[PDB]
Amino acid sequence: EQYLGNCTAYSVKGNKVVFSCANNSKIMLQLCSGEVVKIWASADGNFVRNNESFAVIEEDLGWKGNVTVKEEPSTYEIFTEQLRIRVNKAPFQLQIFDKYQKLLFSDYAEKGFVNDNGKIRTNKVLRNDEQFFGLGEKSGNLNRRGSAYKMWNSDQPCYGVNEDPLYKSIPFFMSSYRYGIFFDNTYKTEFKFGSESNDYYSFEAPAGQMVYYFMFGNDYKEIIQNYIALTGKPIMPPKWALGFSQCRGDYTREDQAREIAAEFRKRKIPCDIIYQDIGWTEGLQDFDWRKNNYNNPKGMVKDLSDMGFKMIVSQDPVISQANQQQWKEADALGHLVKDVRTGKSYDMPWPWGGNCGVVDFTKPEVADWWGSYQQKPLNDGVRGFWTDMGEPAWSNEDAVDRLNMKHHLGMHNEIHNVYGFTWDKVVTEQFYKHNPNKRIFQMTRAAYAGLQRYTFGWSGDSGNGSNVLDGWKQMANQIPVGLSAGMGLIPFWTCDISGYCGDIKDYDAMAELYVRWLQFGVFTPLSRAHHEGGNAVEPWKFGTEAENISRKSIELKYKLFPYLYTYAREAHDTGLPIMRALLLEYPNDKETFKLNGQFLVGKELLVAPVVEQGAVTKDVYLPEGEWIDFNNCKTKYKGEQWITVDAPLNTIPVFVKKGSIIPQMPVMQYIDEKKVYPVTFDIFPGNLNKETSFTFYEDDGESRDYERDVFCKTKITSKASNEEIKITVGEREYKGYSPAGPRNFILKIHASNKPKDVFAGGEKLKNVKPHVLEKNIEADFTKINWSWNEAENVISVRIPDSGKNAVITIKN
């Protein structure tokens, strides 16, 4: 095996510096910014790759001028505003320090880069206290330290608590030394975080080029901000995707869709999306409504639309050979992935429907051809897709015959991990082309880094296949799976609520597991109940107790829509997921590295779902600050401690941080049932003289105008003085979108005693009954008054949403 060995010279080309080492080997450092370094180590010195990055869309992160290299007798030095780089000459070693000269990131001994006949590997120093997070949608504990992980998009139904690899390959991790690494290689890469030795960690690939990005940050937020500068801002879903969604394996018929749609509304269980699974299409993959299953598909979609249901249909990336018309069409056009042994279309077995052709989404001409096929259901009013089976399915590591697949852009060993990615990209591209100025809804199984530009994600076929009732630990593991997905830029994520796997032979026995899975599930952004085959898992299937609890779980998400949607926008602007590992907000608190049973939803809410069978309590770590029980709004706790709370079957432990302002909307059966509504702001005043705020974001929810920053915002500010509370409703920041109006705001200030008086600017406000304040809340927009509720300990202040600045002063 070959190392870089000694560095004999360097050459600068603008922001790039190339260090020449032994036997024609070279390594390039490229300054993208003061915080982001692109590193390319080359065994032969050539600096070429078969395909440019599928993930990186921008290498220019603001670096100005040339790289300045200072040469010393035994080292070179490169400085940025944030970094100090020491290159050892003999042998070549790259060391990156922060500006205070603390080592962040070092090559291990002489083994910084190792080439062995195309196998490429990088070894780094591993400090004893160094922890690791990320690598996308993967199982096990949040903290990756001590374990090994592989990138090979795999199809592992009913996967275990530690199963790896899974469906997606996002080779982006973060270190507790406050750097991220994105390994810009699409082959079967492996990450070993002290699993081989305590002295070093490594990442490697069996072929391709050793290109990776070092991303410094002063916290995890800044690392993620740098990652989306490289790989793109997340697209936001249509606003209605943040409601509740329902599916089943057999959701493939008009009659059943009509039946289910009516049942949801009758039982007053909110729901925005009815999915259809893959049996909807006449064959793989013609996008024709299966004729026996749908009498009037246009009418179905419209009828469901008038009831506030949107439809999302499945697509697979293959054409069945038995679908003779489409297979012959695709094969004759050369649109199918080839077999290198024959030069003919690869002959792919598939879970159902016979052998198939794998459609080659790396071939440019395929995009327009697929686009026209997929547009058919969209012309009937279907709003999007779920792109399933794109690993491709049935192509795990051990299925070595798949390696004979030859795609337009390369061989399967290179292309496998971007197969689904390049498909999903075509799906979204074509959607844009045929459906002007509309947000796509796409939720995918298989993916690669950068997927946030084109698609959202779900965690595939989870749960226990042998006995559904044994899936508790598998459900529990969806917390860190989803949090890790979020850190790999899947802010719009869900899991199969109830899991995919396991026949439900006893609904009474399943009720507890379902309820808990859903209580967790409604705090995932794309919350979708689903299950294999005919196993119905709509929220009324588990008896009346489970139905009433589940309705409330779902109602809670809907009430929080204006809060969740604000954080959906933040995902777009910053890359931060809605579901946040506590470490993302409390990076100094090392206790957060262990937390697999809880998470933040945005910054203000801490959710700690019960995920243990029979449990009627929950252990909760509270980080810095003070925390209020969001269910009662009265119990308060000090931060930086473990507590145990009561958590019966009807309860989700949710906590709100003291200081928080939470926008909420009234209960509705689907997003935008009421086109205009009063917005409530639940305010929990922070400590004496500590200012806090929430910036309530709004936009049209449907178009791509938001990408050009067409929106509005209303900042609500809270600041407590000596015996006084100042609540400011900021002047509306108008950027080309006007909110729904006219409407009222109701400021709800949680306080222990009724105040003496409340002022709006200079003038005193009239105190009225709770019933008087609630009167004509949706009809009269001239009343400015306040009321008190002793039971709830809440001051309500009704004020019209005029768009004007307003200072509300509460005299204690």
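Numbering starts at 1 and runs along the sequence shown.
Peer 1: When the C-alpha temperature factors are averaged for each of 616 to 624 and 164 to 172, which stretch ends up with the higher value in the entry?
Peer 2: Of 164 to 172 and 616 to 624, the stretch with the higher C-alpha B-factor average is 616 to 624.
Peer 1: Which is higher in the entry, the mean Cα B factor of 538 to 546 or that of 491 to 499?
Peer 2: Going by the record's values, the stretch with the higher mean is 538 to 546.
Peer 1: Per the PDB entry, which option out of 328, 408, 248, 138 has the greatest Cα B factor?
Peer 2: Largest recorded C-alpha B-factor: 328.
Peer 1: Comparing recorded Cα B-factors across 704, 127, 233, 569, which one is largest?
Peer 2: By C-alpha B-factor in the record, 127 ranks first.
Peer 1: Taking the values exactly as deposited, rank residue 57 by C-alpha B-factor within its chain and report the matching third: lowest, middle or highest.
Peer 2: Lowest third - that is where residue 57 ends up once the chain's C-alpha B-factors are sorted.
Peer 1: Name the third of the chain's ranked CA B-factors that contains residue 239, choosing lowest, middle or highest.
Peer 2: Residue 239: CA B-factor falls in the middle third of its chain.
Peer 1: Quick one: classify residue 429 as lowest, middle or highest third of the chain based on its Cα B-factor.
Peer 2: Lowest third.
Peer 1: Looking at the temperature factor on the CA atom of residue 108, which third of the chain's modelled residues does it land in?
Peer 2: Ranked within chain, residue 108 CA B lands in the highest tercile.
Peer 1: C-alpha B factor of residue 631, ranked within the chain: lowest, middle or highest third?
Peer 2: Highest third, going by the recorded CA B-factors of the chain.
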